[PDB]
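S.K.: I'd like to ask some things about the structure below.
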Amino acid sequence: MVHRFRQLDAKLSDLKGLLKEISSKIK
Amino acid sequence: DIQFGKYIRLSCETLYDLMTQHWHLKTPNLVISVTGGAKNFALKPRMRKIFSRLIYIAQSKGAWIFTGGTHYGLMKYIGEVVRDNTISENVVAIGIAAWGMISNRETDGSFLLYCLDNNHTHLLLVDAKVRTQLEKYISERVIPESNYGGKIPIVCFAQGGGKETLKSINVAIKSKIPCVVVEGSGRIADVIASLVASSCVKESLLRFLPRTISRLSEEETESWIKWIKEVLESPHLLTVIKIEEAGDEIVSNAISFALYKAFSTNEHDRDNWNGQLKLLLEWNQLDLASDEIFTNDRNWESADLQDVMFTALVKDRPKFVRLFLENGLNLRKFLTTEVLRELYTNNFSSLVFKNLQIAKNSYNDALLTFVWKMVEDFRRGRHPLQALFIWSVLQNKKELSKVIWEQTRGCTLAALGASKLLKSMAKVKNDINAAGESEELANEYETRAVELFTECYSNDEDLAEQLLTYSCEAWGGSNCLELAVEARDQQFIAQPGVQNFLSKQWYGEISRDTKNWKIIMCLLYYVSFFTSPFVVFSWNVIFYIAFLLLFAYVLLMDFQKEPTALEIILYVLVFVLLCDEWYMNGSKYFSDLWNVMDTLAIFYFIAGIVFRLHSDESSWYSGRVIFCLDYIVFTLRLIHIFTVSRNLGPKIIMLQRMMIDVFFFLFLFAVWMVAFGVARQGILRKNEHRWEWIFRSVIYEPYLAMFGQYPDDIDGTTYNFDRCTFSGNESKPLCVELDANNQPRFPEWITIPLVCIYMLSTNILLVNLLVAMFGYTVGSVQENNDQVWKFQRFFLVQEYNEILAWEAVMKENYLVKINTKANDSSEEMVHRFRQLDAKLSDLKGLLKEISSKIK
Amino acid sequence: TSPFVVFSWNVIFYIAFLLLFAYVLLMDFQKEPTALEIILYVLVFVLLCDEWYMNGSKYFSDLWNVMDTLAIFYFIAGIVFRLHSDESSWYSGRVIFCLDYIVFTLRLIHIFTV
Amino acid sequence: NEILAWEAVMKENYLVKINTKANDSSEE
Ligand SMILES: CC(C)CCC[C@@H](C)[C@H]1CC[C@H]2[C@@H]3CC=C4C[C@@H](OC(=O)CCC(=O)O)CC[C@]4(C)[C@H]3CC[C@]12C
Ligand SMILES: CC(C)CCC[C@@H](C)[C@H]1CC[C@H]2[C@@H]3CC=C4C[C@@H](OC(=O)CCC(=O)O)CC[C@]4(C)[C@H]3CC[C@]12C
Ligand SMILES: CC(C)CCC[C@@H](C)[C@H]1CC[C@H]2[C@@H]3CC=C4C[C@@H](OC(=O)CCC(=O)O)CC[C@]4(C)[C@H]3CC[C@]12C
Ligand SMILES: CC(C)CCC[C@@H](C)[C@H]1CC[C@H]2[C@@H]3CC=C4C[C@@H](OC(=O)CCC(=O)O)CC[C@]4(C)[C@H]3CC[C@]12C
Ligand SMILES: CC(C)CCC[C@@H](C)[C@H]1CC[C@H]2[C@@H]3CC=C4C[C@@H](OC(=O)CCC(=O)O)CC[C@]4(C)[C@H]3CC[C@]12C
Ligand SMILES: FC(F)(F)c1ccccc1-c1cc(C(F)(F)F)c2[nH]c(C3=NOC4(CCCCC4)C3)nc2c1
Ligand SMILES: [Ca+2]
Ligand SMILES: [Ca+2]
């Protein structure tokens with residue numbers, strides 16, 4: 001499953017990047 | 001005093017002066033349960049575990065414990081645990097109680113609205129502030145022999161919240177070094193744990209303690225929120241035992257972390273790092289110390305560390321030893337004559353000293369005397385690393401022994417020597433657990449050496465043998481292989497590499513595994529063939545067989561009155577064999593059975609010669625008989641000779657395991673023989689006055705009965721009077737008792753069933769049972785017999801700079817492999833999911849920050 | 001006072017008793033009881049007294065106990081035949097003693113279970 | 001008396017060990 005959980009972290013990283021981008025947008 | 005105990009009963013520092021001298025000694029540490037005991041407390045298993053571990057730690061460190069002592073809830077259990085531990089440094093449980101809640105009050109008085117806890121050793125009466133003042137004074141107390149920079153470090157434990165608990169927490173926080181600790185579960189402790197805004201505080205307080213708040217007035221709850229704000233101002237003093245945690249030694253970790261944080265935040269002890277390191281050394285905290293101190297590479301040159309290092313060696317903290325070595329430390333330079341002298345003179349247990357005495361006196365060995373004289377030389381006032389390893393292993397320090405062994409250059413040799421030392425110490429047995437641990441550690445070191453040698457042989461087969469042949473280099477009298485032999489290391493010698501080396505040596509210069517029969521047929525180029533042990537053994541076997549043939553010919557065909565020259569040659573050959581055995585006399589000649597047997601044979605031969613030379617018929621006949629008896633031993637020596645067959649040796653060795661079964665068989669057989677023979681002889685014969693015939697008819701005939709012979713004088717029809725004699729003036733058995741009519745008198749219906757039963761028991765049942773036992777025995781011990789034969793093969797065969805660096809490289813690779821081996825499996829994911837929650841927490845924090853930004 | 005030593009003494013005494021019984025049975029068995037046979041009777045009754053102590057427990061529960069009672073009964077019956085002073089009677093008494101000797105010897109199997 | 005208390009202590013330790021034994025594995 002380590003192979004497969006590995007897939008999960010990519011979604012979290014992309015979501016964090018988008019969150020930072022939108023935070024820059026508002027401010 | 002009190003009966004169920006001194007009670008000062010003072011009103012609201014001076015008490016401490018009297019306490020120190022009159023009653024008990026000073027405290028390296030102190031612990032306080034600030035939270036009071038509710039009328040009803042939830043004593044779930046986790047609380048019980050936490051407080052039992054806390055009490056055990058207090059006993060280990062020897063600290064006072066402060067509690068109310070009302071005999072309700074938590075304090076009841078703490079007192080019970082304290083009493084049980086003290087009965088089985090010492091723990092002291094001082095208690096304080098106000099006269100308001102005491103039901104019965106009397107002025108050596110005895111005691112029957114709270115009831116005082118019985119388990120508390122001491123109690124104080126007041127006509128809570130006194131507790132705070134006493135804690136403040138004890139904190140302010142200055143002692144020079146303190147690793148905490150003085151101040152007598154104090155830790156306060158909180159289990160359940162409340163008004164009194166919050167007041168106590170606040171007053172303690174106002175004073176410095178409170179070191180408050182709050183557990184996960186509690187009426188108000190959960191609030192504090194969750195917090196680490198008025199609206200959020202109100203929400204947490206309501207959800208965690210809903211009912212009590214409604215009773216409280218608005219102003220009072222506002223004041224409580226102010227108190228909680230004051231507590232929340234400084235989070236470094238607060239420490240929380242999170243609920244999710246379920247590991248061991250949680251209490252010790254929490255206490256150590258809180259005390260370390262308090263010491264670090266002093267703002268004047270921050271510059272000093274030795275104190276922090278010593279504090280983290282007292283408590284088993286490796287990761288925290290490594291992260292805080294050694295990682296930064298701030299202010300230490302690694303030269304002073306020696307001091308701290310010494311303490312670890314005496315306090316059994318192997319992980320800190322490894323940490324010091326990794327971060328830079330020359331053990332060779334640190335180890336000096338003075339350091340070793342201090343280590344051996346004082347820190348060395350005298351029990352091991354007398355045990356060394358007894359071990360040396362009981363048995364003498366080269367390495368035992370070497371280590372003995374080394375330790376005496378150190379005590380009275382050269383490979384010091386070996387001395388440190390010996391000191392560590394002797395005291396049975398498992399982990400530190402391995403850590404030290406990792407540094408020795410003679411890895412396998414050191415392991416074998418340690419195993420031999422442990423076995424020799426275990427020989428001297430006085431405690432079961434001590435001997436068990438000694439033998440277990442010796443076996444572990446043996447297995448480690450076997451693995452290391454497997455790697456050595458795999459990497460380089462040709463030169464791995466040089467390690468076995470390589471000498472000690474001052475390590476000890478013997479080398480690796482001899483050291484393994486002395487400790488009876490069947491596992492080590494039974495591995496493929498050592499057996500292959502032994503075979504290659506025994507075959508000699510002859511090319512190995514050419515063909516067995518070619519070498520026999522063959523019986524400078526010739527010198528190499530003629531100097532091999534195989535050929536020498538073949539020649540000796542041939543000579544012995546020829547000697548047996550000559551002995552038989554002289555004994556049977558040509559044995560005249562006067563010694564003939566051929567018999568003189570026989571004498572010369574036997575004395576030549578005696579001279580050959582003179583060489584082996586140097587070793588434990590009487591230890592083994594075959595050696596004593598050969599000495600016996602030689603003695604019998606010389607006695608037979610003495611009879612031979614008398615020249616009298618009755619004397620030289622007895623000499624011939626002596627020679628005949630000696631021939632049996634001389635021939636039976638072939639069984640010992642042929643233990644190297646590789647096909648017969650294991651089977652021959654197996655015979656040693658059948659002795660118990662043979663003894664049981666013989667015991668039953670002898671009992672039955674005696675019973676049956678006595679019964680029959682008494683039944684069918686009168687008084688016998690010839691001793692020989694008693695045993696000839698009681699023992700001999702039943703013994704023959706198992707070989708298919710059937711008794712004849714048991715049936716009247718079969719019985720024949722020709723063999724027997726009425727009187728004793730003859731050499732044949734006495735006749736059966738007769739009657740007035742001159743006929744046999746025995747009933748004949750008693751003897752026949754008896755004989756049938758005896759024959760059934762002996763001929764059939766017993767032998768089949770023996771066969772079954774032999775089958776089970778050969779099945780059970782088949783594998784161990786191979787190891788035993790391989791071990792004896794060493795004796796049977798022996799009867800007739802760059803390498804150091806390469807060993808270091810191989811050992812370094814092996815150590816790197818084994819250290820990371822646990823991480824190689826990586827079958828645990830909890831470790832790894834743990835990583836996920838950090839991202840979610842950071843994302844939630846950023847989300848809250850951006851939400852604050854917009855609003 | 002160790003049980004090991006007491007057991008060793010009892011085993012030695014039992015072996016000596018067996019030797020004495022065999023000697024009386026084979027070499028010296030005369031018409032009129034001899035003092036040596038009287039000593040043998042005394043020893044057997046001493047063993048009976050010793051078993052009286054173990055009688056308190058489940059004496060008939062185990063096989064060896066009933067076997068020893070049977071042996072004692074056979075011995076006393078053989079005595080009764082022995083004292084009649086008739087050839088046909090004391091010969092049967094000798095046969096009885098011979099049969100009893102088998103049980104007395106076979107008790108060693110039970111004795112050596114430790 | 002002392003033996004009884006020592007037995008109680010050992011039994012308490014054993015009970016605490018066994019009760020939390022199922023949680024020790026934590027294979028779920
Ligand atoms: C009076 C003499 C000259 C006549 C005897 C004839 C044979 C009975 C002797 C002569 C040489 C002997 C052999 C000399 C050397 C050996 C090797 C010896 O060891 C092994 O074969 C296995 C050793 C290993 O595997 O390590 C076993 C016996 C054998 C065949 C001996 C067995 C008996 C032999 C054939
Ligand atoms: C009749 C008396 C007066 C003279 C001696 C009779 C011979 C027939 C005896 C003497 C020495 C004996 C031999 C001693 C040693 C050996 C080797 C032994 O083992 C092997 O042959 C091979 C061993 C292996 O495979 O390792 C077999 C029996 C043999 C020939 C023995 C069998 C019979 C021998 C020749
Ligand atoms: C489990 C089985 C197979 C084992 C024992 C069976 C038989 C071998 C035994 C059991 C009882 C024995 C019998 C007991 C009594 C007698 C009578 C006996 O003759 C007399 O008693 C006459 C005495 C006299 O003349 O004074 C001859 C043998 C016989 C049949 C015995 C012979 C063998 C028998 C049949
Ligand atoms: C009249 C004649 C021809 C037959 C009887 C004489 C013997 C055959 C008798 C006398 C006493 C008997 C013995 C009394 C006690 C024992 C021990 C018993 O085995 C045990 O000791 C174990 C008992 C258990 O397992 O509990 C088996 C029978 C045996 C030999 C008995 C079998 C038959 C014996 C030897
Ligand atoms: C007429 C008498 C004096 C001569 C008999 C000579 C031996 C046959 C006797 C004398 C003392 C006996 C020994 C007395 C005590 C014991 C110990 C006894 O128990 C054990 O050895 C193991 C007990 C355990 O391990 O718990 C076994 C028999 C033995 C050796 C007895 C076996 C037979 C012995 C050697
Ligand atoms: F392998 C074995 F042991 F035979 C055996 C194997 C399997 C089952 C039973 C036995 C066994 C055991 C015992 C005991 F355990 F009781 F000793 C026996 N005893 C006797 C007899 N007792 O006395 C006799 C000899 C003296 C004359 C009277 C008859 C034979 N036969 C037995 C058979
Ligand atoms: Ca020899
Ligand atoms: Ca009995």
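Chains: A, B, ... in order of the structure tokens. Residues: from 1 per chain. Ligands: from 1, in order shown.
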Please identify the residues whose atoms come within 7 Å of ligand 6, using only C-alpha atoms and all ligand atoms, and report them as a VMD selection string.

M.R.: (chain B and resid 668 672 to 673 675 to 676 754 757 to 758 761 to 762 765 to 766 769) or (chain C and resid 102 106 109)

S.K.: Just to be explicit: take each residue in the selection above, keep N, CA, C and O atoms, and write the result as an mmCIF file, in the first residue's frame.

M.R.:
data_model
loop_
_atom_site.group_PDB
_atom_site.id
_atom_site.type_symbol
_atom_site.label_atom_id
_atom_site.label_comp_id
_atom_site.auth_asym_id
_atom_site.auth_seq_id
_atom_site.Cartn_x
_atom_site.Cartn_y
_atom_site.Cartn_z
ATOM 1 N N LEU B 668 15.279 -54.774 33.718
ATOM 2 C CA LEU B 668 14.092 -55.622 33.694
ATOM 3 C C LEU B 668 14.471 -57.090 33.538
ATOM 4 O O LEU B 668 13.932 -57.962 34.237
ATOM 5 N N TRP B 672 13.644 -60.132 36.287
ATOM 6 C CA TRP B 672 12.853 -61.301 35.915
ATOM 7 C C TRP B 672 13.657 -62.586 36.071
ATOM 8 O O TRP B 672 13.132 -63.601 36.545
ATOM 9 N N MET B 673 14.929 -62.566 35.668
ATOM 10 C CA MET B 673 15.769 -63.748 35.807
ATOM 11 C C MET B 673 15.866 -64.171 37.261
ATOM 12 O O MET B 673 15.683 -65.346 37.591
ATOM 13 N N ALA B 675 13.894 -63.507 39.818
ATOM 14 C CA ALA B 675 12.625 -63.996 40.345
ATOM 15 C C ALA B 675 12.334 -65.408 39.854
ATOM 16 O O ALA B 675 12.086 -66.322 40.654
ATOM 17 N N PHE B 676 12.379 -65.611 38.535
ATOM 18 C CA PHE B 676 12.018 -66.906 37.971
ATOM 19 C C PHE B 676 12.978 -67.997 38.425
ATOM 20 O O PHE B 676 12.549 -69.106 38.769
ATOM 21 N N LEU B 754 4.395 -70.677 34.350
ATOM 22 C CA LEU B 754 5.432 -69.732 34.737
ATOM 23 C C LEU B 754 6.462 -69.579 33.627
ATOM 24 O O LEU B 754 6.844 -68.461 33.260
ATOM 25 N N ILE B 757 4.971 -67.719 30.585
ATOM 26 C CA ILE B 757 4.914 -66.278 30.807
ATOM 27 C C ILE B 757 6.307 -65.669 30.712
ATOM 28 O O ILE B 757 6.496 -64.608 30.102
ATOM 29 N N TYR B 758 7.302 -66.321 31.315
ATOM 30 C CA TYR B 758 8.658 -65.784 31.293
ATOM 31 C C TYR B 758 9.195 -65.699 29.869
ATOM 32 O O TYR B 758 9.786 -64.687 29.472
ATOM 33 N N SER B 761 7.497 -62.908 27.955
ATOM 34 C CA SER B 761 7.981 -61.592 28.352
ATOM 35 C C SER B 761 9.374 -61.317 27.798
ATOM 36 O O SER B 761 9.657 -60.202 27.345
ATOM 37 N N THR B 762 10.257 -62.316 27.823
ATOM 38 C CA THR B 762 11.650 -62.081 27.453
ATOM 39 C C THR B 762 11.853 -62.116 25.942
ATOM 40 O O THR B 762 12.282 -61.127 25.340
ATOM 41 N N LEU B 765 8.268 -59.725 23.866
ATOM 42 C CA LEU B 765 7.833 -58.375 24.213
ATOM 43 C C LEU B 765 9.020 -57.448 24.446
ATOM 44 O O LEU B 765 9.073 -56.336 23.905
ATOM 45 N N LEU B 766 9.985 -57.890 25.252
ATOM 46 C CA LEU B 766 11.062 -57.001 25.671
ATOM 47 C C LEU B 766 11.928 -56.576 24.490
ATOM 48 O O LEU B 766 12.295 -55.401 24.371
ATOM 49 N N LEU B 769 10.094 -54.076 22.355
ATOM 50 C CA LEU B 769 10.113 -52.776 23.009
ATOM 51 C C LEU B 769 11.461 -52.095 22.820
ATOM 52 O O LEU B 769 11.525 -50.896 22.527
ATOM 53 N N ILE C 102 8.292 -64.117 44.166
ATOM 54 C CA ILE C 102 8.179 -63.439 42.877
ATOM 55 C C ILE C 102 7.601 -62.043 43.062
ATOM 56 O O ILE C 102 8.121 -61.060 42.523
ATOM 57 N N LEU C 106 9.357 -58.454 42.463
ATOM 58 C CA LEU C 106 8.798 -57.559 41.460
ATOM 59 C C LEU C 106 8.407 -56.209 42.037
ATOM 60 O O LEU C 106 8.182 -55.267 41.271
ATOM 61 N N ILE C 109 10.203 -52.905 40.747
ATOM 62 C CA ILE C 109 9.785 -52.088 39.611
ATOM 63 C C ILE C 109 9.042 -50.855 40.103
ATOM 64 O O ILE C 109 9.289 -49.733 39.648
#

S.K.: With 9 Å as the limit and counting only C-alpha atoms, what residues in chain D lie close to chain B? Please list them as a list in words.

M.R.: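 So the contacting residues turn out to be residues 2, 3, 5, 6, 8, 9, 13, 16, 19, 20, 23 and 24 of chain D.
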
S.K.: I want to know what sits within 9 Å of residue 80 in chain C, based on only C-alpha atoms, with residues of the same chain fewer than 5 positions away left out; could you give that as a VMD selection string?

M.R.: chain C and resid 75 90 93

S.K.: Kindly export the residues of the current selection with N, CA and C atoms, as a PDB file, in the first residue's frame.

M.R.:
ATOM      1  N   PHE C  75       2.134 -65.085  52.440  1.00  0.00           N
ATOM      2  CA  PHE C  75       3.202 -65.419  53.376  1.00  0.00           C
ATOM      3  C   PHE C  75       2.642 -66.065  54.636  1.00  0.00           C
ATOM      4  N   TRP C  90       4.543 -79.089  54.524  1.00  0.00           N
ATOM      5  CA  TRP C  90       5.611 -78.100  54.506  1.00  0.00           C
ATOM      6  C   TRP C  90       6.251 -77.988  53.128  1.00  0.00           C
ATOM      7  N   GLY C  93       4.103 -75.491  51.707  1.00  0.00           N
ATOM      8  CA  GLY C  93       4.496 -74.214  52.283  1.00  0.00           C
ATOM      9  C   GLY C  93       5.718 -73.626  51.601  1.00  0.00           C
TER      10      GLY C  93
END

S.K.: Which residues are close to residue 19 in chain A, i.e. within 10 Å by only C-alpha atoms, leaving aside same-chain residues fewer than 6 positions away? Reply as JSON, numbers by chain.

M.R.: {"A": [13, 25], "B": [843, 846, 847, 850]}

S.K.: What are the closest atom pairs, with distances in Å to one decimal, for each residue of chain B lying within 6 Å of ligand 3, using only C-alpha atoms and all ligand atoms, rows by chain and rising residue number, as a tab-separated table?

M.R.:
residue	atom	partner	partner_atom_place_in_ligand_line	distance
B:747	CA	ligand 3	26 (O)	4.9
B:748	CA	ligand 3	23 (C)	5.0
B:749	CA	ligand 3	21 (O)	4.2
B:752	CA	ligand 3	32 (C)	5.9
B:753	CA	ligand 3	12 (C)	5.3
B:756	CA	ligand 3	8 (C)	6.0

S.K.: Residues at most 8 Å from ligand 8, using only C-alpha atoms and all ligand atoms? Could they come as an MDAnalysis selection string?

M.R.: chainID C and resid 51 54 64:65 68

S.K.: Check which residues fall inside 9 Å of ligand 2 when counting only C-alpha atoms and all ligand atoms, and print them as an MDAnalysis selection string.

M.R.: chainID B and resid 541:542 544:546 548:553 556 635 638 642:649

S.K.: Okay, now the selection with N, CA and C atoms, as a PDB file, in the first residue's frame?

M.R.:
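Wrote out30.pdb, looks like this:
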ATOM      1  N   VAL B 541      47.129 -47.566   9.808  1.00  0.00           N
ATOM      2  CA  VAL B 541      46.094 -48.597   9.813  1.00  0.00           C
ATOM      3  C   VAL B 541      46.652 -49.914   9.293  1.00  0.00           C
ATOM      4  N   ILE B 542      47.419 -49.861   8.202  1.00  0.00           N
ATOM      5  CA  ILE B 542      48.001 -51.080   7.647  1.00  0.00           C
ATOM      6  C   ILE B 542      48.939 -51.724   8.658  1.00  0.00           C
ATOM      7  N   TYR B 544      48.882 -51.451  11.916  1.00  0.00           N
ATOM      8  CA  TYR B 544      48.114 -52.016  13.019  1.00  0.00           C
ATOM      9  C   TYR B 544      47.473 -53.339  12.623  1.00  0.00           C
ATOM     10  N   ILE B 545      46.947 -53.427  11.399  1.00  0.00           N
ATOM     11  CA  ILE B 545      46.352 -54.680  10.940  1.00  0.00           C
ATOM     12  C   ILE B 545      47.407 -55.776  10.859  1.00  0.00           C
ATOM     13  N   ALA B 546      48.585 -55.446  10.326  1.00  0.00           N
ATOM     14  CA  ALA B 546      49.663 -56.428  10.269  1.00  0.00           C
ATOM     15  C   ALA B 546      50.080 -56.859  11.667  1.00  0.00           C
ATOM     16  N   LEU B 548      48.111 -56.974  14.287  1.00  0.00           N
ATOM     17  CA  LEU B 548      47.078 -57.886  14.767  1.00  0.00           C
ATOM     18  C   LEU B 548      47.255 -59.277  14.174  1.00  0.00           C
ATOM     19  N   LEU B 549      47.557 -59.353  12.877  1.00  0.00           N
ATOM     20  CA  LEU B 549      47.775 -60.652  12.247  1.00  0.00           C
ATOM     21  C   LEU B 549      48.951 -61.377  12.888  1.00  0.00           C
ATOM     22  N   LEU B 550      50.052 -60.659  13.111  1.00  0.00           N
ATOM     23  CA  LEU B 550      51.223 -61.264  13.736  1.00  0.00           C
ATOM     24  C   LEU B 550      50.909 -61.729  15.152  1.00  0.00           C
ATOM     25  N   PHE B 551      50.178 -60.910  15.908  1.00  0.00           N
ATOM     26  CA  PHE B 551      49.803 -61.276  17.267  1.00  0.00           C
ATOM     27  C   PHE B 551      48.973 -62.551  17.267  1.00  0.00           C
ATOM     28  N   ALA B 552      47.995 -62.636  16.364  1.00  0.00           N
ATOM     29  CA  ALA B 552      47.160 -63.829  16.299  1.00  0.00           C
ATOM     30  C   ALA B 552      47.979 -65.056  15.927  1.00  0.00           C
ATOM     31  N   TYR B 553      48.871 -64.924  14.943  1.00  0.00           N
ATOM     32  CA  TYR B 553      49.686 -66.067  14.545  1.00  0.00           C
ATOM     33  C   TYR B 553      50.549 -66.550  15.700  1.00  0.00           C
ATOM     34  N   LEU B 556      48.185 -68.292  18.459  1.00  0.00           N
ATOM     35  CA  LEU B 556      47.517 -69.555  18.159  1.00  0.00           C
ATOM     36  C   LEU B 556      48.493 -70.623  17.671  1.00  0.00           C
ATOM     37  N   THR B 635      42.149 -55.374  19.372  1.00  0.00           N
ATOM     38  CA  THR B 635      41.303 -55.434  18.186  1.00  0.00           C
ATOM     39  C   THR B 635      40.189 -54.397  18.242  1.00  0.00           C
ATOM     40  N   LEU B 638      40.001 -50.682  16.823  1.00  0.00           N
ATOM     41  CA  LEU B 638      39.644 -50.312  15.458  1.00  0.00           C
ATOM     42  C   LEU B 638      38.381 -49.464  15.413  1.00  0.00           C
ATOM     43  N   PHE B 642      38.405 -45.951  13.348  1.00  0.00           N
ATOM     44  CA  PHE B 642      37.609 -45.728  12.145  1.00  0.00           C
ATOM     45  C   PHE B 642      36.464 -44.742  12.357  1.00  0.00           C
ATOM     46  N   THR B 643      36.626 -43.768  13.250  1.00  0.00           N
ATOM     47  CA  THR B 643      35.611 -42.738  13.431  1.00  0.00           C
ATOM     48  C   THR B 643      35.678 -41.644  12.372  1.00  0.00           C
ATOM     49  N   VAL B 644      36.676 -41.672  11.493  1.00  0.00           N
ATOM     50  CA  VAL B 644      36.829 -40.664  10.452  1.00  0.00           C
ATOM     51  C   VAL B 644      36.349 -41.184   9.095  1.00  0.00           C
ATOM     52  N   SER B 645      35.538 -42.243   9.086  1.00  0.00           N
ATOM     53  CA  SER B 645      35.161 -42.871   7.825  1.00  0.00           C
ATOM     54  C   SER B 645      34.307 -41.955   6.958  1.00  0.00           C
ATOM     55  N   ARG B 646      33.541 -41.054   7.568  1.00  0.00           N
ATOM     56  CA  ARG B 646      32.531 -40.211   6.941  1.00  0.00           C
ATOM     57  C   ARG B 646      31.262 -41.000   6.638  1.00  0.00           C
ATOM     58  N   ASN B 647      31.253 -42.316   6.844  1.00  0.00           N
ATOM     59  CA  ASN B 647      30.080 -43.138   6.585  1.00  0.00           C
ATOM     60  C   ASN B 647      29.759 -43.988   7.807  1.00  0.00           C
ATOM     61  N   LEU B 648      30.787 -44.326   8.586  1.00  0.00           N
ATOM     62  CA  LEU B 648      30.625 -45.126   9.790  1.00  0.00           C
ATOM     63  C   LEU B 648      30.741 -44.314  11.071  1.00  0.00           C
ATOM     64  N   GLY B 649      31.438 -43.183  11.039  1.00  0.00           N
ATOM     65  CA  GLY B 649      31.702 -42.415  12.230  1.00  0.00           C
ATOM     66  C   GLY B 649      30.446 -41.948  12.937  1.00  0.00           C
TER      67      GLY B 649
END

S.K.: Could you write out, as a PyMOL selection string, all the residues of chain C that DSSP marks as alpha helix (DSSP H)?

M.R.: chain C and resi 3-26+35-54+63-82+87-111

S.K.: Output as a list in words the set of chain B residues within 12 Å of chain A, with distances taken over only C-alpha atoms.

M.R.: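 Using only C-alpha atoms, chain B residues at most 12 Å from chain A: residues 826, 827, 828, 829, 830, 831, 832, 833, 835, 836, 837, 838, 839, 840, 841, 842, 843, 844, 845, 846, 847, 848, 849, 850, 851, 852, 853, 854 and 855 of chain B.
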
S.K.: If the cut-off is 7 Å, can you tell me the residues of chain C near chain B, counting only C-alpha atoms? I'd like them as a ChimeraX atom specification.

M.R.: /C:22,25-29,95,98-99,101-102,105

S.K.: Could you take the residues named above and write them with N, CA and C atoms, as a short mmCIF file (atom, residue, chain, number, x, y, z; two decimals), in the first residue's frame?

M.R.:
data_model
loop_
_atom_site.label_atom_id
_atom_site.label_comp_id
_atom_site.auth_asym_id
_atom_site.auth_seq_id
_atom_site.Cartn_x
_atom_site.Cartn_y
_atom_site.Cartn_z
N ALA C 22 16.06 -65.60 49.89
CA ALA C 22 16.55 -66.59 48.93
C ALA C 22 17.43 -67.62 49.61
N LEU C 25 15.34 -69.95 51.52
CA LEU C 25 14.45 -70.75 50.69
C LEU C 25 15.20 -71.88 49.99
N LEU C 26 16.43 -71.61 49.54
CA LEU C 26 17.17 -72.58 48.74
C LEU C 26 18.10 -73.44 49.59
N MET C 27 19.05 -72.81 50.28
CA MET C 27 20.11 -73.55 50.95
C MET C 27 19.65 -74.15 52.27
N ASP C 28 18.91 -73.39 53.08
CA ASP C 28 18.58 -73.78 54.45
C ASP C 28 17.07 -73.67 54.62
N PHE C 29 16.36 -74.76 54.32
CA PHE C 29 14.92 -74.88 54.57
C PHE C 29 14.70 -76.25 55.21
N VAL C 95 6.55 -74.20 48.51
CA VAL C 95 6.07 -73.73 47.21
C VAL C 95 5.38 -72.38 47.35
N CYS C 98 7.99 -69.78 47.63
CA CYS C 98 8.60 -69.55 46.32
C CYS C 98 7.73 -68.64 45.47
N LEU C 99 6.42 -68.87 45.47
CA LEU C 99 5.53 -68.01 44.68
C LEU C 99 5.49 -66.60 45.24
N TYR C 101 7.90 -65.05 46.74
CA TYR C 101 9.16 -64.39 46.43
C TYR C 101 9.08 -63.63 45.12
N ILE C 102 8.29 -64.12 44.17
CA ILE C 102 8.18 -63.44 42.88
C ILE C 102 7.60 -62.04 43.06
N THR C 105 10.03 -59.71 44.90
CA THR C 105 11.08 -59.21 44.02
C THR C 105 10.54 -58.20 43.02
#

S.K.: Could you pull the residues within 8 Å of residue 78 in chain C, counting only C-alpha atoms, minus those fewer than 3 positions along the same chain, as number ranges by chain?

M.R.: C: 74-75, 81-82, 92-94, 96-97

S.K.: Dump the neighbourhood of ligand 5 as a ChimeraX atom specification: all residues within 7 Å, distances computed on only C-alpha atoms and all ligand atoms.

M.R.: /C:7-9,11-12,15-16,112,114
